[PDB]
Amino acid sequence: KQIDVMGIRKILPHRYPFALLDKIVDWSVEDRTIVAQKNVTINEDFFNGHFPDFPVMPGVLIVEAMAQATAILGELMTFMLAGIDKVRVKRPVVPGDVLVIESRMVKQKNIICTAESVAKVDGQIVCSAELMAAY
């Protein structure tokens, strides 16, 4: 139950600079669960503008990654983003942080789906979110 970047490409149409997932560590047909890894390095173009004197990762991008993680799970049952409720960002994600991303389905309401995602670095909670995504 391993999907590397190449498998992920057959699944989503996202590509550089908006493929924000490196691999799928594990997936659950049954549990409607997924876990993804996005590695975070100084050598990604956003870190130049956000921010010049302090590389931090855009929250919205973590969310986009959770979203992309959510979107894949879907395709395993495209899937564009319809909404994103309750989103809270506890910790700065920097270059070096491996980013581990868990996303679970909770609502299947007629060609729409909803998910809860949490994002962690060394186990800690850096971000959680409710993601709403359809098609």
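One-based numbering along the sequence shown.
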property: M77 to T78: deposited residues without atomic coordinates; result: 10 or more
property: Higher-scoring stretch by recorded Cα B factor average, 11-19 or 119-127; result: 119-127
property: Per the entry, higher mean C-alpha B factor between 65-73 and 81-89; result: 81-89
property: Among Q108, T41, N48, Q37 - the residue whose C-alpha B-factor is largest in the record; result: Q108
property: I3 by Cα B-factor - lowest, middle or highest third of the modelled chain; result: middle
property: B-factor third for the C-alpha atom of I101 within its chain; result: middle
